[PDB]
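Below, in structure tokens: the form deposited in one PDB entry, a single chain.
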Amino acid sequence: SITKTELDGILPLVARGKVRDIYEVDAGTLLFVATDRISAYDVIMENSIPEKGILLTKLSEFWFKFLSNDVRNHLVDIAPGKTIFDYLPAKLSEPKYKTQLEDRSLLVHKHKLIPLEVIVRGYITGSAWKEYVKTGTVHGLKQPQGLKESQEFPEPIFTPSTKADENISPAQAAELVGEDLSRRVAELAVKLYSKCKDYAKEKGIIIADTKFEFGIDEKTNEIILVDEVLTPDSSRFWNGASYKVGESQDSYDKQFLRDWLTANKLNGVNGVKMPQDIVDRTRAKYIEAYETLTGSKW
């Protein structure tokens, strides 16, 4: 398992997120390394879920391919017969480095990002449900009366956010990134979410909502799908089997972890080591999401 990548300065670091380490490959290219870290209640666990980052990378690769005729994406085309390692400095093929990178890394074009978190919600839950119960709105948008918890919205909706996160209205998104650009990302995001939500539902997973990020290629005026796509870290995954309108749903991937944290008053606490049984049960859910959605065997 890979918790924290250690590349000994071979590439400069651009960022470390909750789960991913981002390196600069060259002036036009980044390397996104998904680690096996996991977060709950906005804090990272001390220990890892082995191979989570491989599974999530491969799931993202599946979705990029699934959506290849719908949207351009940031992946660098790896030539036939080659691997990402052929596009990286030779030293990163040495075992001490290759073992940290293989199967969990994506080579991506640097794009100009549209600085907006493009959340699409298919189902009313989370902060959207809380706001709705209080004022009948979601990100300020008036909703029909009588929706029940976890109910499907009449149509999936664009509900933007700004990173720290702040739920904002569509009008505020247009202030931030321009009216026409906000309109284009909203329309595209809803199309992409709906297609993938329908596919996943037929496989038995409900993707209640998802967070996309987009770039813009200004030379072609094309919106580019970037960042994390339709993983349980970027989305709310629910078990289809146990879906019941009018109540909360278990987290597909994190409910075992959340239950254990809650039982021990560890929600939100730093430095927490998960017990082996929690690690194992959580890992098995990632493998099942990967196998069910991609049709591949792990």
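Throughout, we count residues from 1 along the sequence that is shown.
The form solved in complex with a small molecule exists for this protein as well; it is not shown, and the discussion that follows is about that form.
From the list 195-203, 121-129, 146-154, 91-99, the contact stretch for the small molecule in the deposited complex under a 4.5 Å heavy atom rule is 121-129.
At least one heavy atom of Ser234 is located within 4.5 Å of the small molecule in the deposited complex. Taking the partner from elsewhere, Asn167 is found to have a heavy atom lying within 4.5 Å of the small molecule in the deposited complex. When the small molecule is considered in the deposited complex, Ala40 lines it closely, a heavy atom lying within 4.5 Å.
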